[PDB]
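Next up is one chain by itself, shown in structure tokens, the form deposited in one PDB entry.
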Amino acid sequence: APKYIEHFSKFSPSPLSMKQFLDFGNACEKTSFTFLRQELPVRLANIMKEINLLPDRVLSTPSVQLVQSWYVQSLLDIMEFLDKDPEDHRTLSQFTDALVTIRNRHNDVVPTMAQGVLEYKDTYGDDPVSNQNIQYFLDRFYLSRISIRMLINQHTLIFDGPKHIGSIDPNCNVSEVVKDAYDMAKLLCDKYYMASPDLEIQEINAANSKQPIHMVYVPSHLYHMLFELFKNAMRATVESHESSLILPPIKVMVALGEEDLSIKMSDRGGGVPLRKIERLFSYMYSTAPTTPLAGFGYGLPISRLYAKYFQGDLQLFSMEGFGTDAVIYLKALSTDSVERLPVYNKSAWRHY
């Protein structure tokens, strides 16, 4: 790898807690600049080195080379600011402009890597070992991308424009986000199917049973996960009940405990056999040539990465012949909500 990738890849990424993001709210902007002009090169270089561990028959394909060419240019864009003066307000403005260009440059990274998966499937095959390696790589690659976008969004949202702090809501009303995502999925379901399940929500605030459940979170991530789950639940409910006059509703429970905030969504959409659950989270099995449901795009496994990004999880358990439950597990406390970042080391090197 080039000199500059070698230098920054020997650092490991520095994970931030939701509280640190929040405690960071003038002097703030210079502080963000000097943090990000080091940290973004570290995160970019670490994933670029990991891309380089893919075999030549993957590495040399047009999709991987185009993604590499983007990351290289973004890394160079940022390295221009290493010697610049944080007191000069023109430097801070150019920095923000450059981060916006970088975010736009990477907007197509998800489907671009999909074309690499697709080419591999049809030029080398879709066996379980290939599936495992694609799953290991893309989980880490997409999680790294999520963490880079988070950093950039927090800077450009705060230092271009406070109940919200960039993309973080310190008082995120969870049931309200549930309702929004449900309404939007319903609108798509009503349009395609003239029929959509109703919604039942129940809250369990264990410590304060009469208090509405709020948390510190990134509500756009939470909306995306819920919307993806609602689309699948409604589709399954409509198609499994062609003969009923009744569509069963979708039920959601929001539970707040001492450590977890959990959201369980329940459909009666007929379920799938246990054997197929792993297929639904697999990038490789969900990949085909160009409203993508579970098993036919990356919405579900990327939704799980959003949950894992701050130490949560997203799990599915179905009952074939009846329905399916999904649980989003989130950390309840902002000090436990810490970025989960892949690192390039000899422990990651060995998996390949």
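Think of the rigid core as the biggest set of C-alphas that the two forms share within 1.5 Å after superposition. Quick note: we count residues from 1 along the sequence shown, nothing fancier.
Trainee: Counting only other entries where the flanking residues are modelled, do a third or more lack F296?
Mentor: Yes, a third or more of the compared structures omit it.
Trainee: Of the other PDB entries for this protein whose models extend past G161 on both sides, does at least a third leave it without coordinates?
Mentor: Across the compared entries, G161 is left out in at least a third.
Trainee: Check the entry and tell me how many residues of the deposited sequence have no coordinates between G161 and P162: none, 1 to 3, 4 to 9, or 10 or more.
Mentor: Missing residues, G161 to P162: 4 to 9.
Trainee: Unmodelled residues of the deposited sequence between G25 and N26: none, 1 to 3, 4 to 9, or 10 or more?
Mentor: Gap size class: 1 to 3 residues without coordinates, per the record.
Trainee: Select between 83-91 and 120-128 the stretch whose C-alpha atoms have the higher average B-factor in the entry.
Mentor: Higher mean C-alpha B-factor: 83-91.
Trainee: Looking only at CA atoms, which has the higher mean B factor in the entry: 43-51 or 304-312?
Mentor: Higher mean C-alpha B-factor: 43-51.
Trainee: Looking at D180, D260, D267, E242, which has the highest CA B-factor as recorded?
Mentor: Reading the PDB entry, the winner on C-alpha B-factor is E242.
Trainee: Between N173, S144, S196, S167, let me know which has the highest C-alpha B-factor in the entry?
Mentor: Out of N173, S144, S196, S167, the record gives the largest C-alpha B-factor to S196.
Trainee: Quick one: classify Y329 as lowest, middle or highest third of the chain based on its Cα B-factor.
Mentor: It falls in the bottom third of the chain.
Trainee: Is the Cα B-factor recorded for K251 in the lowest, middle or highest third of its chain?
Mentor: Its C-alpha B-factor, which the entry lists for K251, ranks in the lowest third among residues of this chain.
Trainee: Split into thirds by Cα B-factor across the chain's modelled residues, where does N232 land: lowest, middle or highest?
Mentor: It belongs to the lowest third of the chain when residues are ordered by C-alpha B-factor.
Trainee: Going by what the PDB entry lists, where does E203 fall on CA B-factor within its chain: lowest, middle or highest third?
Mentor: Middle third of the chain for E203's C-alpha B-factor.
Trainee: Tell me, lowest, middle or highest third: where does the Cα B factor of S318 rank within its chain?
Mentor: Its C-alpha B-factor, which the entry lists for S318, ranks in the lowest third among residues of this chain.
Omitted from view is the form deposited in another entry, to which the following refers.
Trainee: With the two forms fitted on the rigid core, I'd like to know which residue in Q202, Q211, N104, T123 is displaced by 2 angstroms or more at its CA between the shown form and the other one.
Mentor: Residue with a C-alpha shift of 2 Å or more: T123.
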